[PDB]
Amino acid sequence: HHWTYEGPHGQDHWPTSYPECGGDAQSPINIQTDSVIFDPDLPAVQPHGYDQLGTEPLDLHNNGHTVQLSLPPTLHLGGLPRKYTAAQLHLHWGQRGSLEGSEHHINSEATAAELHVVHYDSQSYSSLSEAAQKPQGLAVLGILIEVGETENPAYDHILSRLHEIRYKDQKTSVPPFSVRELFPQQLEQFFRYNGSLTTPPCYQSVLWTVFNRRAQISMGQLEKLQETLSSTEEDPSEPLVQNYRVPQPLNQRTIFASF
């Protein structure tokens, strides 16, 4: 009953146990810039005070599928059709030695890792779980991550505590830092489109926003994230790597772009 990324119960078999996973509007997708429909009327994606996470420790845990940080309900995402509220944040990366770990592609090119900031329509629904299966219920932000030559301080707020949550299900708290700094510096350029969650149940309620600019972390930072967490509760451990879904069929969907 426990899905994994590759293997007997890998993403290839999700449709079997999770019908929605074989939906017509699944994510991620390979964004082809030539097919992108320019939309000068798309308002800017503006994260309201994502540099102010309050005072309380944030929860950072291990799913055996990814490292996930928790976010206060005070974080509000503007610029979309409805008002969305940040709920969680996590990562996707490739195995040790690979420089391809993102889920979304750009003209068939994948980056080293991808950051997903999951939001939910708190204006039309009570909770995130309520919106998880509502049309346009969720709103995710996809930040593609490349390997730069300088150390990224924004990400150490998470990479510097990965050893505390090595095994699946372990958790911990971290001093609240500026999440805004995890996003690329310029947010003007982005692609919008209707997608789904990239893990079972694969609900098609996500209104995606994949930024065009990328975020960079040292090759050292990428290795830490790649070789620290395990997917098991206890030993023998098993590298929690290759935790990304492969690009899915676009099935005649329009991918808009702010630029």
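We number the residues from 1 along the sequence you see.
Higher mean CA temperature factor between 189-197 and 222-230: 222-230, per the PDB entry. If you average the C-alpha B-factors over 132-140 and over 112-120, the higher value belongs to 132-140. Residue set 180, 92, 157, 82: peak C-alpha B-factor at 82 (per PDB entry).
Between the residues 63, 70, 204, 209, it is 63 that shows the highest Cα B-factor in the PDB record. The entry lists a Cα temperature factor for residue 251 that places it in the highest third of the chain's modelled residues. Split the chain's modelled residues into thirds by C-alpha temperature factor. Residue 106 is in the lowest one. Per-chain ranking of the deposited C-alpha B factor places residue 173 in the middle third. Ranked by Cα temperature factor within the chain, residue 152 sits in the middle third according to the deposited record. When the CA B factors of the chain's modelled residues are split into thirds, the value for residue 30 lands in the middle one.
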